[PDB]
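One structure is given below, encoded as structure tokens.
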Amino acid sequence: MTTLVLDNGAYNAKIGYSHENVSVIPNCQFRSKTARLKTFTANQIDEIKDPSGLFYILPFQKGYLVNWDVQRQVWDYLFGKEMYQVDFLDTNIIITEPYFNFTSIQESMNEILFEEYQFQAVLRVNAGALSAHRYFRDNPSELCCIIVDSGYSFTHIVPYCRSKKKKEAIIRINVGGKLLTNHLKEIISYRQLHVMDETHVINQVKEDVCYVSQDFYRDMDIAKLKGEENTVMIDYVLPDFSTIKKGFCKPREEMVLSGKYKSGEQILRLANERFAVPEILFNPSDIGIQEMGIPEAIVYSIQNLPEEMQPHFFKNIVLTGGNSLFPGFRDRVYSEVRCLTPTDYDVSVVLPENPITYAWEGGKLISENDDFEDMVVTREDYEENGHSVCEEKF
Amino acid sequence: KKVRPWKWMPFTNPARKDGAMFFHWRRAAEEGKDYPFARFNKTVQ
Amino acid sequence: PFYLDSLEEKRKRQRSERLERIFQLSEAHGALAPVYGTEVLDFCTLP
Amino acid sequence: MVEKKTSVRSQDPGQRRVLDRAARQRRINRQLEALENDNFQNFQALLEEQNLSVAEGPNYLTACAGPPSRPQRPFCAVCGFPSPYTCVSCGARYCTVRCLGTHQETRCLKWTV
Amino acid sequence: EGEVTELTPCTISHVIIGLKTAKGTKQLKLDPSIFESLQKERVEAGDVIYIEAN
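Chains as they are written, first to last, in our numbering: chain A, 225 to 618; chain B, 470 to 514; chain C, -19 to 27; chain D, 163 to 275; chain E, 613 to 666.
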């Protein structure tokens, strides 16, 4: 039989069955100021011929849930067609849950899942736990691993050892991809005008041009010196949905250094943001937050009890999420943890080759674990125990 | 950046069987789209 | 979990290097003797 | 000769005033809350209901990372480049006199209400 | 050679010092006679130092 693996958050709602449906389906609804205020669903955004000024209705604005209505509408619109083949009791679903989520909200979500959609089985596995299982299956010779999941709206430093997570050296950081996108928005707004509040185009510009600087102060000096010499001043032409529907970074050759083009686009752009907005993950607190970076917590998480886990912990660092898509992020994290951790202890940091849907891969690989029928809680068990069997099983 | 002219576009109603062609001031986005009121064709049983 | 053979061997080898370093330094810090000596200077020195 | 009509919105230096600590902290908190938010330039009630039943233990409170060891770097608020200076009025940082002027014209004490 | 991360003298049997470079961190046990040199050089957490074993 097939199963439906579901990961959910503020930016993305990745659902997928045993074989296909691998994509970046969002979780929020979109309202177009121009399309008569029509309320679009996760994948219906593709039907919008002009995503400029889309109002986002979010079930999650950060790690926790809000306004069930939106989540249930998204789930219904997804199931209603090819995505899941609404058949309910024929298959089962496996949903992820945040590191420390609302106990009441999560048990009520399980209640709704058992009652309304009536999946024959569902469980309380954790988003980090699924990635931990994936990594353990990839490397059976390993016994302990730390997951740095820097999602688009998440930053979790989660340990795992002996197939059990400890709730003491477990760190979360509020510096997420959404914060980075909002900071880029505010910077562009402040440096081109006094107000600018579009989100959809800048969220793409983020992943298109931003990169993690391997030498922050060197890049800062290169940006401080005049643009005639710097290389990070790559200009980005924004989309207008009338001549080009998707923005793009102009070739290094076509760049007119005067910053003005007779074509008439909003190409205006600066170099600083490109490498300033990603480094907030590594060296935060520059803007004012009391939030700590990635590496110091990657360190703090290791040195609690075990001198036998500490070495395996350094050797097994699993960087995943969505914020690890910028080039140089892996190298920077590796250099930082290598310079922060003891020399004698080995430190191996390896990000996968295609970690765009690592959670879906873990789910599709667990689909044939021959123990899911025991890991999962079923309809009758739920109805009889009343959330107790669900709290027991994860 | 303004490109979306309203046009006096022809259209056909799938609910009809004679293929009669009518006209309407449609937008520049839903050209050739199905007739929205076509749902109102549930004749009595 | 179990320990690492490579890690424990590296620990042993760095400890051996440490022991060799003490053996070298202790022997090098006492190679030369005084020209006159503390007691010789104290005997030669008058009030 | 054409008479150039001047503006009357100029403010008296005798009336202009310096800022304080609480208001600067509120500025910082508002800026961070806006950076965390996503809408025109609610989860507040969400976190209120959350903290309604929070205690000390393995939870969000004891899970937050906290402040780092490396000291805060003085980045600019206008252009973002390293800012060795500060604004005597509000404390904002800058790197050039042009940046200071832009701050005084667009940011200095105009959003605090 | 490297940046100091911690100084702890154990009337002193030795001093444990933490050094940092771009190859990892190192914990070092120095004779109490070198703790005098450390105090005289006024080194503290965050300063880069050379300490010759010889």
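Ideal Cβ positions, reconstructed from N, Cα and C, are used throughout, including at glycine.
Residue nearest to residue i in terms of C-alpha spacing, selected from the options
i                      : options                    : result
residue 562 of chain A : A:580, A:443, A:549, A:520 : A:520
residue 491 of chain A : A:507, A:235, A:457, A:261 : A:457
residue 605 of chain A : A:476, A:271, A:312, A:335 : A:335
residue 265 of chain A : A:576, A:450, A:258, A:249 : A:249
residue 382 of chain A : A:422, A:344, A:354, A:497 : A:354
residue 570 of chain A : A:513, A:533, A:314        : A:533
residue 319 of chain A : A:301, A:297, A:304, A:343 : A:343
residue 614 of chain E : E:648, E:638, E:654        : E:638
residue 632 of chain E : A:352, A:384, A:565        : A:565
residue 331 of chain A : A:616, A:365, A:611        : A:611
residue 205 of chain D : A:313, A:488, A:289        : A:289
residue 388 of chain A : A:379, A:356, A:414        : A:356
residue 500 of chain A : A:489, A:281, A:549, A:444 : A:444
residue 268 of chain A : A:475, A:301, A:282        : A:301
Beta-carbon proximity of residue i to residue j, cut-off 8 Å
i                      : j                      : result
residue 229 of chain A : residue 587 of chain A : yes
residue 377 of chain A : residue 235 of chain A : yes
residue 541 of chain A : residue 426 of chain A : no
residue 476 of chain B : residue 497 of chain B : yes
residue 234 of chain D : residue 509 of chain A : yes
residue 433 of chain A : residue 498 of chain A : yes
residue 220 of chain D : residue 391 of chain A : yes
residue 657 of chain E : residue 617 of chain E : yes
residue 484 of chain B : residue 504 of chain B : yes
residue 395 of chain A : residue 525 of chain A : yes
residue 253 of chain A : residue 294 of chain A : yes
residue 404 of chain A : residue 502 of chain A : yes
residue 461 of chain A : residue 472 of chain A : yes
residue 424 of chain A : residue 275 of chain A : yes
Residue i at chain B interface by Cβ criterion, 8 Å
i                      : result
residue 256 of chain A : no
residue 464 of chain A : yes
Interface residues of chain A facing residue i [CB-CB closer than 8 Å]
i                      : result
residue 228 of chain D : 514, 516
residue -10 of chain C : 568
Where residue i meets chain E, residues with beta-carbon distance less than 8 Å
i                      : result
residue 556 of chain A : Here the premise fails: no neighbours, minimum Cβ distance about 13 Å.
residue 562 of chain A : 634, 635, 636
Cutoff 8 Å: residue i Cβ touching any chain C Cβ
i                      : result
residue 230 of chain A : no
residue 623 of chain A : The question about residue 623 of chain A has no answer, for chain A in this structure spans 225 to 618.
Test: residue i CB closer than 8 Å to a CB of chain A
i                      : result
residue 470 of chain B : yes
residue 634 of chain E : yes
residue 652 of chain E : no
residue -16 of chain C : yes
residue 12 of chain C  : no
residue 637 of chain E : yes
residue 194 of chain D : yes
residue 248 of chain D : no
Proximal residues of chain D, C-beta to C-beta of residue i below 8 Å
i                      : result
residue 324 of chain A : 220, 221, 222, 225
Identified DSSP bridge partners for residue i
i                      : result
residue 640 of chain E : E:629
residue 460 of chain A : A:473
residue 491 of chain B : B:480
residue 227 of chain A : A:316
residue 380 of chain A : A:373, A:396
residue 236 of chain A : A:250
residue 430 of chain A : Answer is none; residue 430 of chain A lacks a bridge partner.
residue 620 of chain E : E:628
residue 634 of chain E : E:636
residue 270 of chain D : Residue 270 of chain D pairs with nothing; no bridge assigned.
Chain A contact residues for residue i, given Cβ-Cβ distances below 9 Å
i                      : result
residue 21 of chain C  : Ordered by position in chain A, no residue passes the 9 Å Cβ test against residue 21 of chain C, which lies about 48 Å from the chain.
residue -13 of chain C : 535, 568, 569, 570
Proximal residues of chain B, C-beta to C-beta of residue i below 8 Å
i                      : result
residue 273 of chain A : 498
Residue-chain proximity (residue i, chain E), Cβ-Cβ < 8 Å
i                      : result
residue 434 of chain A : no
residue 565 of chain A : yes
residue 348 of chain A : no
Neighbour list for residue i in chain C, Cβ cutoff strictly below 9 Å
i                      : result
residue 368 of chain A : -19
is_contact[residue i, chain D] using C-beta, thresh 8 Å
i                      : result
residue 442 of chain A : no
residue 286 of chain A : yes
residue 345 of chain A : no
residue 332 of chain A : no
residue 507 of chain A : yes
residue 398 of chain A : yes
Within chain D, partners of residue i - CB distance below 7 Å
i                      : result
residue 407 of chain A : 197
residue 500 of chain A : 242
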